[PDB]
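First comes one chain, alone, set out as C-alpha cells in the form deposited in one PDB entry.
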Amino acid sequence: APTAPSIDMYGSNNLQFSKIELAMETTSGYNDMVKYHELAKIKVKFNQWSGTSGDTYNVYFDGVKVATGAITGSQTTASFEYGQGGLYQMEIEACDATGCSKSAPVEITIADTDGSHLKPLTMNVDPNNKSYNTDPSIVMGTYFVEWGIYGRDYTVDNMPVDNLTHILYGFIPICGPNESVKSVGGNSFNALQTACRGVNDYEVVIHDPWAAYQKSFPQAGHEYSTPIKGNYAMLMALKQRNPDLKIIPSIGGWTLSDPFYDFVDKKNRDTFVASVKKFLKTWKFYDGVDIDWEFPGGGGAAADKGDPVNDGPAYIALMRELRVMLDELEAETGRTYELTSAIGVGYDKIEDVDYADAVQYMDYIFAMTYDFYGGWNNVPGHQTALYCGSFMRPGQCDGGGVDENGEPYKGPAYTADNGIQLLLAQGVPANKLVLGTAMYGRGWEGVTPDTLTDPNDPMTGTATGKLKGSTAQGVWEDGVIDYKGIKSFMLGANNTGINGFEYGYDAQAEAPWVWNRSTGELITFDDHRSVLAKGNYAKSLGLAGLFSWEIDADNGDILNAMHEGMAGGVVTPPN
C-alpha cells in the first residue's frame, strides 16, 4: 500500500476553514470587510516522505468520501470545495493498485453563518427570569440592541431565550441620507460613513462591525483567531441552542429612517431589496426582515422629511417587493422567511398607510404602543397606556373635544387601544398584530404638587424639564430610564416606593407611575400590573402576542409578566 498521508496541520490553516471572510483589526467599507462564499475552499497539505506515495488521494468526512484528486510526489495539497458548515472527522487516504493507506482522523471545522460549526451557546441569564409553558403559537418578542454590549454590559448570552419566540436585532442602517444619526452624537454618524464607503446608496450595511462580528467574547469560547466573533457569532450559537427561535434584523428605527423617505422612487427600493437578499444569504442565522420606518408621512426624527401622499404607497410597494424577494429565498433554500414591521400607532401615523393593502404581504406588525408622552416636552401623560387616562379632558380620548384653549383635538388621543382599533377597523387581522410593552420609563422633573389640577393625579401637573440621572440609575439619556433602574431606585423589592418615590396606578388607563413629590420627578412606564393587562387585552382581541423594547433594560419582571398575562392562550399563526 502507499505510505499513509501525514497531514501538515500548520500548512493547512490548522484545519480551520470559513465560508465568510471578515476583516478583523480594521474598520472599512462593508464590501471590503465582508466577503461570503457559497462554497468554502478547503486546502489541506499532506506529505508522504517514506515509501511510495501512490496515485490518487481521497478525503473523507465522518467516513464519507467528499473529495478525490492526484497525488503529486512526496507533498500534496488536497484542494476541494464544500458547502455544508460543520465539524467533521477528516481522513486523507492515498491509493494505488496495491491498496490504500489513510491518515489518522483529525477534526476539520468549516465555519458558516448559520452556526452549523458551533456548539449551543452557554447562557448566563438573570435568574429572576422565570419559566413558563406559554403556547408556542403566541409571539413573545424583544429587541436586542447592537450597542448594548458597551456601557449597558448586556450580551447575547444574557437573553432569556427560552422566554422568547422572536429576537429583533436593532439596528441595521441603509446607506444614504442619515443626518438624523447625528442626534445620537458620539461616533455613530462617522461609523456609518465608514461602513458605507464603497457601498451604493440605499443598500444595507452593518453599523458596528466590532460589536457585530470582531469582538471576542470569552463566555462564548471566542479567541482572537476565531473566524466569526461578536454578537453575530453568539446569535449563531444561540440558534444551535434554540433552533425554533426566530432572529430578525431590524432596519431603521428612530435615527436610521432617513433613507426610507426616498423609497417613493422604485429604483431605490430595487437597490434596497437586492441588498437585503444578499444580506440574508450572507448572514444565514437571520430569519426574515423587520422594517422599522419611523414614519411614512413624517413625524419622526427628520423634521424636513415625510410625504403623507406618497409614503404609504411606497411602504406598500416595499412590502410587495420584499415578499417577492423572500419567496425567492424560500425557493432557493427550503426555509421559511418572515416579513415584519414596527409601526407608529398614533392616528396621524396610521392614516398615512393603507395597512389593509400592506398587511397581506406581512407576517406581523409590531405595534409601537409606547412613547405616547415623554420628556421632549413638559406635558406629563401615560407613555404606554392601553386606554385613556383620568388626566385627559372631555372628548380628548376620541378626538371630538377641544383643548384648554378651545382648539379642536385633531384625532384620538395616543393610547394603545385607539391605535389598535384604527388598525382593526380597516381590516388588519388581529392575529398579525403584536402589542408593544415598554421595558423603560420616560420622565420629568419639576412636577411638584402645586402644579396638579387634580391633587390625586400627577399626570395633571406640569413639568420644568426631563428626568436627570446617571447611567448606574439606568438613565442613559435625559428623560428615559431603564425599568431595572426604576425598580432599583424608585420601587424597591416590595414595589411600595423608595428614595422618596410613591407608586400609583391609573386603573382606567392601565398605567403605573412613580412620583417624588419633593423633587417633582415623575416617571411613566410599564409594570407587572399594566403588562398583565396588556396580555389579557391581547387574549381578548386575539392578537398575535406581545413584544418589548428593549431587553437589556428589563430585570426579568417585564418579560415574566408578558408570559403571565398570556397564560392559557393560543392564537392562530398567520398562514
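In case it trips you up, residue 1 is the first one in the sequence shown, and so on.
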Which is higher on mean Cα B factor in this entry, 108-116 or 412-420? 108-116
Stretch exceeding the other in mean C-alpha B-factor - 486-494, 219-227: 219-227
Checking the entry, which one of 434, 274, 87, 204 has the top C-alpha B factor? 87
With respect to the C-alpha temperature factors reported in the PDB entry, which of 300, 259, 427, 461 ranks highest? 461
Which third of the chain does residue 44 land in by C-alpha B-factor: lowest, middle or highest? highest
Could you tell me which third, lowest, middle or highest, the C-alpha B-factor of residue 550 occupies within its chain? lowest
Ranked C-alpha temperature factor of residue 567 among modelled chain residues, by third: middle
Lowest, middle or highest third: which one holds residue 29 when the chain's residues are ordered by CA B-factor from the entry? middle
Temperature factor at the Cα of residue 320, chain-ranked in thirds, falls in the middle
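Not on display, but discussed next: the form deposited in another entry.
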When the C-alphas stop fitting one rigid part best and start fitting the other, that is the hinge; which of 111, 178, 479, 501 is there, between the shown form and the other one? 111
